[PDB]
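Shown next: query31.pdb, containing PDB, C-alpha atoms and all ligand atoms.
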```pdb
ATOM      1  CA  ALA A   8     114.598 105.859 119.297
ATOM      2  CA  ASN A   9     116.292 105.921 115.888
ATOM      3  CA  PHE A  10     119.815 107.143 115.114
ATOM      4  CA  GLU A  11     118.827 110.484 113.566
ATOM      5  CA  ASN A  12     117.250 111.342 116.926
ATOM      6  CA  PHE A  13     120.503 110.392 118.658
ATOM      7  CA  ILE A  14     122.558 112.955 116.716
ATOM      8  CA  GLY A  15     119.954 115.691 117.049
ATOM      9  CA  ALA A  16     119.851 115.118 120.822
ATOM     10  CA  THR A  17     123.568 114.643 121.627
ATOM     11  CA  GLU A  18     125.533 116.741 119.076
ATOM     12  CA  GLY A  19     123.069 118.496 116.806
ATOM     13  CA  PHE A  20     123.172 119.004 113.036
ATOM     14  CA  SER A  21     125.111 121.724 111.253
ATOM     15  CA  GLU A  22     122.897 123.970 109.159
ATOM     16  CA  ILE A  23     124.460 122.276 106.097
ATOM     17  CA  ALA A  24     123.386 118.734 106.958
ATOM     18  CA  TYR A  25     119.937 119.787 108.078
ATOM     19  CA  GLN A  26     119.151 121.726 104.918
ATOM     20  CA  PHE A  27     120.890 119.252 102.602
ATOM     21  CA  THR A  28     118.736 116.541 104.158
ATOM     22  CA  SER A  29     115.696 118.736 103.779
ATOM     23  CA  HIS A  30     116.383 119.515 100.129
ATOM     24  CA  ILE A  31     117.119 115.961  99.014
ATOM     25  CA  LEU A  32     114.044 114.667 100.861
ATOM     26  CA  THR A  33     111.865 117.309  99.224
ATOM     27  CA  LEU A  34     113.331 116.276  95.879
ATOM     28  CA  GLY A  35     112.049 112.828  96.826
ATOM     29  CA  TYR A  36     108.373 113.716  97.014
ATOM     30  CA  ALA A  37     108.457 116.183  94.118
ATOM     31  CA  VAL A  38     109.693 113.452  91.754
ATOM     32  CA  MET A  39     106.876 111.178  92.886
ATOM     33  CA  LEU A  40     104.376 113.806  91.790
ATOM     34  CA  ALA A  41     105.951 114.246  88.371
ATOM     35  CA  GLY A  42     105.808 110.464  87.962
ATOM     36  CA  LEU A  43     102.160 110.518  88.972
ATOM     37  CA  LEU A  44     101.472 112.850  86.072
ATOM     38  CA  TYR A  45     103.804 111.091  83.625
ATOM     39  CA  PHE A  46     102.146 107.705  84.170
ATOM     40  CA  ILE A  47      98.602 109.029  83.828
ATOM     41  CA  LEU A  48      99.345 111.017  80.642
ATOM     42  CA  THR A  49     101.085 107.923  79.114
ATOM     43  CA  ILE A  50      98.249 105.462  79.766
ATOM     44  CA  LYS A  51      97.367 105.660  76.058
ATOM     45  CA  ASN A  52     100.605 104.646  74.277
ATOM     46  CA  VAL A  53     100.076 101.008  75.361
ATOM     47  CA  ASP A  54      97.499  98.359  74.530
ATOM     48  CA  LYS A  55      94.699  97.667  76.999
ATOM     49  CA  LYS A  56      96.417  94.415  77.948
ATOM     50  CA  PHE A  57      99.395  96.238  79.533
ATOM     51  CA  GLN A  58      97.497  99.215  80.999
ATOM     52  CA  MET A  59      97.171  97.606  84.436
ATOM     53  CA  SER A  60     100.932  98.037  84.632
ATOM     54  CA  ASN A  61     100.657 101.790  84.156
ATOM     55  CA  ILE A  62      97.735 101.970  86.609
ATOM     56  CA  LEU A  63      99.828 100.268  89.269
ATOM     57  CA  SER A  64     102.546 102.833  88.605
ATOM     58  CA  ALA A  65     100.008 105.638  89.035
ATOM     59  CA  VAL A  66      98.804 104.297  92.392
ATOM     60  CA  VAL A  67     102.369 103.668  93.634
ATOM     61  CA  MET A  68     103.165 107.331  93.008
ATOM     62  CA  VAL A  69     100.061 108.541  94.885
ATOM     63  CA  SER A  70     101.206 106.675  97.994
ATOM     64  CA  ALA A  71     104.818 107.752  97.472
ATOM     65  CA  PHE A  72     103.977 111.430  97.006
ATOM     66  CA  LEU A  73     101.742 111.562 100.074
ATOM     67  CA  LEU A  74     103.897 109.586 102.523
ATOM     68  CA  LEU A  75     107.258 110.975 101.394
ATOM     69  CA  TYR A  76     105.738 114.418 101.854
ATOM     70  CA  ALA A  77     104.998 113.283 105.429
ATOM     71  CA  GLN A  78     108.531 112.005 106.120
ATOM     72  CA  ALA A  79     109.828 115.291 104.734
ATOM     73  CA  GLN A  80     107.828 117.484 107.131
ATOM     74  CA  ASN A  81     108.667 114.947 109.860
ATOM     75  CA  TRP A  82     112.338 115.851 109.564
ATOM     76  CA  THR A  83     112.016 119.633 109.262
ATOM     77  CA  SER A  84     109.558 119.950 112.153
ATOM     78  CA  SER A  85     111.655 117.703 114.400
ATOM     79  CA  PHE A  86     114.764 119.889 114.787
ATOM     80  CA  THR A  87     115.090 123.515 115.921
ATOM     81  CA  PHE A  88     118.117 125.787 115.636
ATOM     82  CA  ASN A  89     120.239 126.965 118.589
ATOM     83  CA  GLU A  90     121.886 130.301 117.729
ATOM     84  CA  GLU A  91     123.944 129.938 120.919
ATOM     85  CA  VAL A  92     125.509 126.601 119.977
ATOM     86  CA  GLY A  93     124.935 127.125 116.228
ATOM     87  CA  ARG A  94     123.509 123.703 115.287
ATOM     88  CA  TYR A  95     120.126 122.023 114.922
ATOM     89  CA  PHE A  96     118.845 119.937 117.825
ATOM     90  CA  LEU A  97     116.091 117.477 118.619
ATOM     91  CA  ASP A  98     113.070 119.495 119.742
ATOM     92  CA  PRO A  99     111.298 118.164 122.862
ATOM     93  CA  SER A 100     108.004 119.799 121.895
ATOM     94  CA  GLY A 101     107.846 118.453 118.338
ATOM     95  CA  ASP A 102     106.954 114.848 117.474
ATOM     96  CA  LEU A 103     110.561 113.637 116.877
ATOM     97  CA  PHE A 104     111.907 112.143 113.638
ATOM     98  CA  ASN A 105     110.086 108.960 112.675
ATOM     99  CA  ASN A 106     110.929 106.450 109.955
ATOM    100  CA  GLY A 107     107.451 104.916 109.971
ATOM    101  CA  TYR A 108     106.258 107.082 107.069
ATOM    102  CA  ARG A 109     108.848 105.632 104.673
ATOM    103  CA  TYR A 110     108.491 102.035 105.895
ATOM    104  CA  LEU A 111     104.720 102.268 105.450
ATOM    105  CA  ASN A 112     105.146 103.525 101.866
ATOM    106  CA  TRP A 113     107.308 100.441 101.383
ATOM    107  CA  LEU A 114     104.693  97.951 102.626
ATOM    108  CA  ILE A 115     101.944  99.438 100.456
ATOM    109  CA  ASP A 116     104.138  99.586  97.349
ATOM    110  CA  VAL A 117     105.895  96.183  97.396
ATOM    111  CA  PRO A 118     102.924  94.067  96.208
ATOM    112  CA  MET A 119     102.209  96.614  93.493
ATOM    113  CA  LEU A 120     105.771  97.013  92.150
ATOM    114  CA  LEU A 121     106.310  93.252  92.206
ATOM    115  CA  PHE A 122     102.840  92.321  90.836
ATOM    116  CA  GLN A 123     103.026  94.725  87.923
ATOM    117  CA  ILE A 124     105.727  93.068  85.808
ATOM    118  CA  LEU A 125     103.396  90.015  85.647
ATOM    119  CA  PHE A 126     101.033  92.139  83.538
ATOM    120  CA  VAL A 127     103.652  93.031  80.922
ATOM    121  CA  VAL A 128     105.585  89.812  80.396
ATOM    122  CA  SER A 129     104.180  86.298  80.075
ATOM    123  CA  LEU A 130     105.362  83.438  82.264
ATOM    124  CA  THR A 131     106.203  80.094  80.626
ATOM    125  CA  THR A 132     106.656  77.193  83.040
ATOM    126  CA  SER A 133     105.694  78.857  86.343
ATOM    127  CA  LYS A 134     102.159  79.522  87.559
ATOM    128  CA  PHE A 135     100.997  83.133  87.735
ATOM    129  CA  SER A 136      99.322  82.796  91.121
ATOM    130  CA  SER A 137     102.302  80.850  92.408
ATOM    131  CA  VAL A 138     104.630  83.762  91.530
ATOM    132  CA  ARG A 139     102.121  86.358  92.760
ATOM    133  CA  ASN A 140     101.646  84.704  96.156
ATOM    134  CA  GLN A 141     105.399  84.283  96.674
ATOM    135  CA  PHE A 142     105.969  87.985  95.955
ATOM    136  CA  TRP A 143     103.240  89.354  98.223
ATOM    137  CA  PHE A 144     104.277  87.153 101.155
ATOM    138  CA  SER A 145     108.032  87.723 101.132
ATOM    139  CA  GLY A 146     107.738  91.373 100.102
ATOM    140  CA  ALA A 147     105.481  92.124 103.041
ATOM    141  CA  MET A 148     107.688  90.188 105.495
ATOM    142  CA  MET A 149     110.848  91.916 104.272
ATOM    143  CA  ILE A 150     109.503  95.429 104.942
ATOM    144  CA  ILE A 151     107.934  94.337 108.257
ATOM    145  CA  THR A 152     111.035  92.693 109.757
ATOM    146  CA  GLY A 153     113.075  95.628 108.527
ATOM    147  CA  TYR A 154     110.675  97.930 110.330
ATOM    148  CA  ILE A 155     111.257  96.021 113.537
ATOM    149  CA  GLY A 156     115.029  95.883 113.377
ATOM    150  CA  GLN A 157     115.587  99.598 112.895
ATOM    151  CA  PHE A 158     113.592 100.368 116.080
ATOM    152  CA  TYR A 159     116.717  99.228 117.959
ATOM    153  CA  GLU A 160     119.187 101.131 115.799
ATOM    154  CA  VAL A 161     120.372 102.989 118.912
ATOM    155  CA  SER A 162     119.495 100.399 121.578
ATOM    156  CA  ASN A 163     120.217  96.701 121.054
ATOM    157  CA  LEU A 164     122.477  96.737 118.010
ATOM    158  CA  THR A 165     122.767  92.948 117.735
ATOM    159  CA  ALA A 166     118.982  93.092 117.394
ATOM    160  CA  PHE A 167     119.306  95.766 114.689
ATOM    161  CA  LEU A 168     121.537  93.528 112.588
ATOM    162  CA  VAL A 169     119.883  90.146 113.133
ATOM    163  CA  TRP A 170     116.416  91.508 112.403
ATOM    164  CA  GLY A 171     117.652  93.244 109.259
ATOM    165  CA  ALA A 172     119.382  90.005 108.267
ATOM    166  CA  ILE A 173     115.999  88.281 108.500
ATOM    167  CA  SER A 174     114.575  91.068 106.347
ATOM    168  CA  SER A 175     117.417  90.324 103.924
ATOM    169  CA  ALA A 176     116.413  86.643 103.544
ATOM    170  CA  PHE A 177     112.976  87.544 102.223
ATOM    171  CA  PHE A 178     114.770  90.064  99.995
ATOM    172  CA  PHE A 179     116.920  87.333  98.466
ATOM    173  CA  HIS A 180     113.822  85.210  97.847
ATOM    174  CA  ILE A 181     112.166  88.090  95.992
ATOM    175  CA  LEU A 182     115.341  88.389  93.910
ATOM    176  CA  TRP A 183     115.067  84.689  93.094
ATOM    177  CA  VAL A 184     111.442  84.869  91.968
ATOM    178  CA  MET A 185     112.007  88.063  90.060
ATOM    179  CA  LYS A 186     114.965  86.386  88.379
ATOM    180  CA  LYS A 187     112.964  83.383  87.184
ATOM    181  CA  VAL A 188     110.224  85.815  86.068
ATOM    182  CA  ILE A 189     112.612  87.922  83.954
ATOM    183  CA  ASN A 190     113.835  84.702  82.314
ATOM    184  CA  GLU A 191     110.526  83.168  81.185
ATOM    185  CA  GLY A 192     109.554  86.708  80.159
ATOM    186  CA  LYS A 193     112.396  86.688  77.609
ATOM    187  CA  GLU A 194     111.186  83.489  75.956
ATOM    188  CA  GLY A 195     109.255  84.451  72.878
ATOM    189  CA  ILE A 196     109.757  88.163  72.730
ATOM    190  CA  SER A 197     111.928  90.135  70.292
ATOM    191  CA  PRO A 198     115.630  90.832  70.900
ATOM    192  CA  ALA A 199     114.730  94.507  71.453
ATOM    193  CA  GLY A 200     112.211  93.656  74.149
ATOM    194  CA  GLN A 201     114.668  91.201  75.639
ATOM    195  CA  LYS A 202     117.212  94.017  75.914
ATOM    196  CA  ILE A 203     114.760  96.155  77.906
ATOM    197  CA  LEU A 204     114.005  93.179  80.159
ATOM    198  CA  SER A 205     117.733  92.905  80.839
ATOM    199  CA  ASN A 206     117.717  96.591  81.760
ATOM    200  CA  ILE A 207     114.855  96.102  84.191
ATOM    201  CA  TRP A 208     116.898  93.406  85.885
ATOM    202  CA  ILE A 209     120.072  95.423  86.485
ATOM    203  CA  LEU A 210     117.834  98.310  87.574
ATOM    204  CA  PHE A 211     115.864  96.079  89.931
ATOM    205  CA  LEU A 212     119.115  94.649  91.281
ATOM    206  CA  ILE A 213     120.930  97.875  92.155
ATOM    207  CA  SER A 214     117.993 100.022  93.248
ATOM    208  CA  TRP A 215     116.809  97.368  95.746
ATOM    209  CA  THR A 216     120.273  96.627  97.114
ATOM    210  CA  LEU A 217     120.621 100.311  97.974
ATOM    211  CA  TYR A 218     118.069  99.986 100.759
ATOM    212  CA  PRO A 219     119.994  97.790 103.242
ATOM    213  CA  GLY A 220     122.971  99.984 102.365
ATOM    214  CA  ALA A 221     121.167 103.012 103.751
ATOM    215  CA  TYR A 222     119.961 100.882 106.700
ATOM    216  CA  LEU A 223     123.555 100.150 107.724
ATOM    217  CA  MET A 224     125.190 103.370 106.491
ATOM    218  CA  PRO A 225     126.222 104.881 109.885
ATOM    219  CA  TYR A 226     127.861 101.550 110.826
ATOM    220  CA  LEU A 227     129.792 100.973 107.585
ATOM    221  CA  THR A 228     132.888 102.646 109.105
ATOM    222  CA  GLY A 229     133.119 101.250 112.618
ATOM    223  CA  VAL A 230     131.691 102.014 116.044
ATOM    224  CA  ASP A 231     133.082 105.487 115.436
ATOM    225  CA  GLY A 232     134.185 106.917 112.116
ATOM    226  CA  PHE A 233     133.372 109.148 109.128
ATOM    227  CA  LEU A 234     129.787 107.870 108.925
ATOM    228  CA  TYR A 235     129.017 107.571 112.663
ATOM    229  CA  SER A 236     128.018 111.198 112.340
ATOM    230  CA  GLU A 237     125.645 113.620 110.663
ATOM    231  CA  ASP A 238     127.479 112.653 107.462
ATOM    232  CA  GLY A 239     126.057 109.141 107.638
ATOM    233  CA  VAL A 240     122.664 110.701 108.184
ATOM    234  CA  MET A 241     123.085 112.894 105.108
ATOM    235  CA  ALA A 242     124.208 109.757 103.296
ATOM    236  CA  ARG A 243     121.529 107.346 104.527
ATOM    237  CA  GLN A 244     118.745 109.726 103.472
ATOM    238  CA  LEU A 245     120.288 110.556 100.087
ATOM    239  CA  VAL A 246     120.622 106.830  99.349
ATOM    240  CA  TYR A 247     116.999 106.153 100.369
ATOM    241  CA  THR A 248     115.831 108.907  98.031
ATOM    242  CA  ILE A 249     117.808 107.562  95.065
ATOM    243  CA  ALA A 250     116.417 104.116  95.866
ATOM    244  CA  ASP A 251     112.890 105.551  95.920
ATOM    245  CA  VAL A 252     113.344 107.253  92.555
ATOM    246  CA  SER A 253     115.018 104.160  91.044
ATOM    247  CA  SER A 254     112.698 101.361  92.245
ATOM    248  CA  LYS A 255     109.421 103.241  91.838
ATOM    249  CA  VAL A 256     109.883 105.731  89.001
ATOM    250  CA  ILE A 257     112.643 104.513  86.712
ATOM    251  CA  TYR A 258     111.353 100.986  87.227
ATOM    252  CA  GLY A 259     107.858 101.930  86.023
ATOM    253  CA  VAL A 260     109.255 104.101  83.233
ATOM    254  CA  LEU A 261     111.229 101.113  81.957
ATOM    255  CA  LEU A 262     108.279  98.728  82.201
ATOM    256  CA  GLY A 263     106.274 101.221  80.125
ATOM    257  CA  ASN A 264     108.867 101.068  77.339
ATOM    258  CA  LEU A 265     108.591  97.265  77.301
ATOM    259  CA  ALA A 266     104.800  97.387  77.045
ATOM    260  CA  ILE A 267     105.161  99.995  74.272
ATOM    261  CA  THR A 268     107.703  97.740  72.520
ATOM    262  CA  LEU A 269     105.366  94.770  72.862
ATOM    263  CA  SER A 270     102.487  96.760  71.374
ATOM    264  CA  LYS A 271     104.279  96.069  68.063
ATOM    265  CA  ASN A 272     103.957  92.284  67.720
TER     266      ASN A 272
HETATM  267  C1  LIG A 301     109.557 101.809  97.798
HETATM  268  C2  LIG A 301     109.508 100.505  97.224
HETATM  269  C3  LIG A 301     110.179  99.392  97.583
HETATM  270  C4  LIG A 301     110.016  98.096  96.851
HETATM  271  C5  LIG A 301     111.081  99.410  98.713
HETATM  272  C6  LIG A 301     111.907  98.411  99.048
HETATM  273  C7  LIG A 301     112.778  98.369 100.186
HETATM  274  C8  LIG A 301     113.622  97.364 100.528
HETATM  275  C9  LIG A 301     113.870  96.174  99.637
HETATM  276  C10 LIG A 301     114.244  97.370 101.842
HETATM  277  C11 LIG A 301     114.828  96.327 102.440
HETATM  278  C12 LIG A 301     115.526  96.149 103.749
HETATM  279  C13 LIG A 301     116.463  95.188 103.842
HETATM  280  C14 LIG A 301     116.975  94.391 102.676
HETATM  281  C15 LIG A 301     117.167  94.846 105.129
HETATM  282  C16 LIG A 301     117.022  95.895 106.224
HETATM  283  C17 LIG A 301     115.604  96.445 106.263
HETATM  284  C18 LIG A 301     115.152  97.063 104.931
HETATM  285  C19 LIG A 301     113.638  97.305 105.005
HETATM  286  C20 LIG A 301     115.866  98.412 104.798
HETATM  287 NA    NA A 302     116.431 105.940 111.681
END
```
What's the structure tokens form of this structure?
Amino acid sequence: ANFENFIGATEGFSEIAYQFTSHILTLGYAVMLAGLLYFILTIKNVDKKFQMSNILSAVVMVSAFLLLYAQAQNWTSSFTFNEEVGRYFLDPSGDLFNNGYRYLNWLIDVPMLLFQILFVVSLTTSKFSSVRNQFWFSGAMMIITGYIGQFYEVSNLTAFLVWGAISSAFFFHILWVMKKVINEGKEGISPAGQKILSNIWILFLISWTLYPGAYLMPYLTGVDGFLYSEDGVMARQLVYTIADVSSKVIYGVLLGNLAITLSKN
């Protein structure tokens, strides 16, 4: 199956990696619910013209709360403790750990996160529907091909890399079109609003690069090594959670500041 299943069915998890991974994943869905409330309550401090941005943040949190709750209970109900051996092991009766909850929350969210900037800033030379269509297509294909490649994380590894690599090409296209978007969005706004735009670019750049980092994490130190272990599991799932807070919550928080700043023309 995946690589988490491998460790829980050949070596187990110490009670310190199981609970750490259950606490940081629960942190993940709790945040999403505080961002659901924050975005609703803030829908007023922005003009009607930018409110579709906040709405899209509200919906993105509804799908993040629900599905990250799922992934969280998918990890805790997939491993049972062995007092004899003293570690946590894959449970044959449970449903096994399954990434598909996360990856699905990615495919729902990517049009929305990408589409929403185009309600705050104004393009100059590009065409709205041209940018929109390019985002929805490559965003969807990125998450899809990345959902394929990680199926073989344990089996065909050359598949795991080459399919992720394909998912990375769509990712670099998105980065291109976001980059052009940020740029035209700076034309004819204040220096203050331009500073915030610059923030949303460094935030978009780091948060989104984290994801393939988690994808590869157990293989970043060889065929065996430090990470080829429960430690790379602890690490891959802590990185994913920081990426989910950064790209969905801090991203929308920042975009709300810009809208607010642009309310004062
Ligand atoms: C939760 C919201 C968003 C926008 C999530 C984005 C996730 C990625 C950009 C993940 C990308 C991948 C890459 C670059 C290559 C391997 C497969 C991944 C899906 C992990
Ligand atoms: Na996995």
Exercise for review: Please provide as a PyMOL selection string all residues within 8 Å of range 103-117 of chain A, with the sequence filter that same-chain residues fewer than 3 positions apart are discarded (counting all atoms listed in the file).
Suggested key: chain A and resi 9+11-12+67+70-71+74-75+77-78+81-82+84-86+97-99+120-121+143+146-147+150-151+154
Practice item. Using CA of residue 271 in chain A and CA of residue 195 in chain A as the two end points, give the distance in Å to one decimal. Key: 13.5 Å
Practice item. List all protein, DNA and RNA residues that have an atom no more than 6 Å from any atom of ligand LIG 301 (chain A), counting all atoms listed in the file, and report them as number ranges by chain. Key: A: 113, 116-117, 150, 153, 171, 174-175, 178, 215, 218-219, 222, 251, 254
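Shortest separation to ligand NA 302 (chain A) among A:50, A:209, A:161, A:267 occurs at residue A:161, atoms counted being only C-alpha atoms and all ligand atoms.
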Practice item. Find the residue from A:18, A:231, A:237, A:194 that sits nearest to residue 93 in chain A; use all atoms listed in the file when measuring. Key: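 That would be A:18, the residue with the smallest distance to residue 93 in chain A.
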Review point. Looking at only C-alpha atoms, which of A:148, A:159, A:253, A:73 is the one that sits closest to residue 176 in chain A?
Key: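 Distance minimum relative to residue 176 in chain A lands on A:148.
For the residues A:157, A:140, A:145, A:152, ranking by smallest atom-to-atom distance to ligand NA 302 (chain A) using all atoms listed in the file places A:157 first.
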Check your understanding: So what does the PyMOL selection byres (((chain A and resi 65) around 12) and not hetatm) actually pick up in this one, as a PyMOL selection string?
Key -> chain A and resi 39-50+58-64+66-72+116+119-120+123+255-256+259-260+263
Check your understanding: What's the 10 Å shell around residue 19 in chain A, counting only C-alpha atoms, without same-chain residues fewer than 2 positions away, as a VMD selection string?
Key -> chain A and resid 11 to 17 21 to 22 24 to 25 86 to 89 92 to 97 236 to 237
Point to revise | d(CA of residue 31 in chain A, CA of residue 248 in chain A) in Å | key: 7.2 Å
Study note, to complete from the structure: Correct to one decimal, the distance CA of residue 205 in chain A-CA of residue 190 in chain A is 9.2 Å
Point to revise | Nearest to ligand NA 302 (chain A), chosen from A:162, A:206, A:132, A:272, with only C-alpha atoms and all ligand atoms counted in the distances | key: A:162
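Distances here use all atoms listed in the file; by that measure, the residue among A:28, A:214, A:197, A:244 closest to residue 257 in chain A is A:214.
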Practice item. With only C-alpha atoms counted, which protein, DNA or RNA residues have an atom no more than 8 Å from (107.5, 83.3, 98.3) in the file frame? Please answer as an MDAnalysis selection string. Key: chainID A and resid 138 140:145 177 180:181 184
**Study point:** Answer key for the PyMOL selection byres (((chain A and resi 269) around 10) and not hetatm), residues as a PyMOL selection string
**Key:** chain A and resi 53-54+57+127-128+196-197+199-200+263-268+270-272
Exercise for review: Excluding residue 133 in chain A and any residue of its chain fewer than 2 positions from it, enumerate the residues within 12 Å of it, using only C-alpha atoms, and give them as a list in words.
Suggested key: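 So the residues in contact are residues 125, 129, 130, 131, 135, 136, 137, 138, 139, 141, 184, 185, 187, 188, 189, 190, 191 and 192 of chain A.
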Exercise for review: Could you give me, as a PyMOL selection string, the residues within 12 Å of residue 164 in chain A, counting all atoms listed in the file and dropping anything in the same chain fewer than 6 positions from it?
Suggested key: chain A and resi 9-10+156-158+170-171+223+226+230
